[PDB]
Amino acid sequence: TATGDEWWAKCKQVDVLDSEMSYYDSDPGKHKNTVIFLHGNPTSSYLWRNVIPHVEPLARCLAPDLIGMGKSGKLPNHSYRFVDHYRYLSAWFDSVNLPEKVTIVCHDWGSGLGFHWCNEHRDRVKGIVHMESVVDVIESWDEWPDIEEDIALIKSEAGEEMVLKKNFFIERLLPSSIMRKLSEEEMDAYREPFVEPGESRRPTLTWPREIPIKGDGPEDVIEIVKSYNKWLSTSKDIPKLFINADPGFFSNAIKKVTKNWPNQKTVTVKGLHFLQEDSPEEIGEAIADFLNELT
């Protein structure tokens, strides 16, 4: 239904350091909860468009486009590592009138950014809802989807060609992990940030190169994931909602990683990796119920 123009015309923009980030912000009013939605690779705030209306009745809902993605600014040095994204997203957090306690709803690399933000601002966290999330370092490939060889390929010089020239993540990976078929308006919304070939597509390539593989990953990312995984593994006072996807992609592995995490509820919905496009109403209602139980 809702087109890219329709969605981004509901969004605001805010200067962030040298650049600017676009974001959805629900209409100002009286509200008891503030919920931030973080997408990952290769999507944008558009990914939450059908989830958010089920949470807005009870929360101010923010959804930023990460730097270089959606309608946020492109960085001239083309450097979009995890640590760069966190720099701009942290500044964004500081610029949108957040109350003292927020709930984070995150997905894919958005969960990596959000988990790290929560671990660094533990006093600001009311709750965490996560799905298909970066919950741990990948220490043995046998407990995870078998993408070892794909990651090796994407780290190779063939990565530049697959992504920058052929837009592999948008054109092949994205539709392959959505059970239904996206309308052309929906698929154009995901295309829009990356229509120009070359370095405009750089974030969708840098993101998989950051994947924290023990002994094979960037060590700044590994150290961050290890530290937020330790903290999460005993976060007794942080109510957590793991939305498990069936069949999912990482969902099976995440179930095993977090089986002994305290204060995590699990709700299951139908979907592959981009579960928001297959079960948005179930995902939004679960978040609504989760916030309702918080009070």
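In this text, residue numbers run from 1 along the sequence as written.
S.K.: Which is higher on average in the deposited entry, the C-alpha temperature factors of 53-61 or of 240-248?
M.R.: According to the entry, 53-61 carries the higher average C-alpha B-factor.
S.K.: What stretch has the higher average Cα B-factor here, 140-148 or 169-177?
M.R.: Looking at the record's C-alpha B-factors, the answer is 140-148.
S.K.: Looking at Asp84, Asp220, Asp108, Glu184, which has the highest Cα B-factor in the entry?
M.R.: Result of the comparison over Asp84, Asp220, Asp108, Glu184: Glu184.
S.K.: Out of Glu100, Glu132, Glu199, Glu210, whose C-alpha atom has the biggest B factor in the entry?
M.R.: It is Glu100.
S.K.: If you rank every modelled residue in this chain by C-alpha B factor, which third holds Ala158: lowest, middle or highest?
M.R.: As the PDB entry reports it, the C-alpha B-factor of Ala158 lands in the highest third of its chain.
S.K.: Going by the CA temperature factor in the PDB record, which third of the chain does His39 belong to: lowest, middle or highest?
M.R.: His39: CA B-factor falls in the lowest third of its chain.
S.K.: Sorting by Cα B-factor within the chain, modelled residues only, which third would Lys214 end up in: lowest, middle or highest?
M.R.: It falls in the top third of the chain.
S.K.: Would you check the entry's CA temperature factor for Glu282 and let me know if it's in the chain's lowest, middle or highest third?
M.R.: Tercile = highest for this residue's CA B-factor.
S.K.: What third of its chain, lowest, middle or highest, does the C-alpha temperature factor of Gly29 fall into?
M.R.: Highest third - that is where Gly29 ends up once the chain's C-alpha B-factors are sorted.
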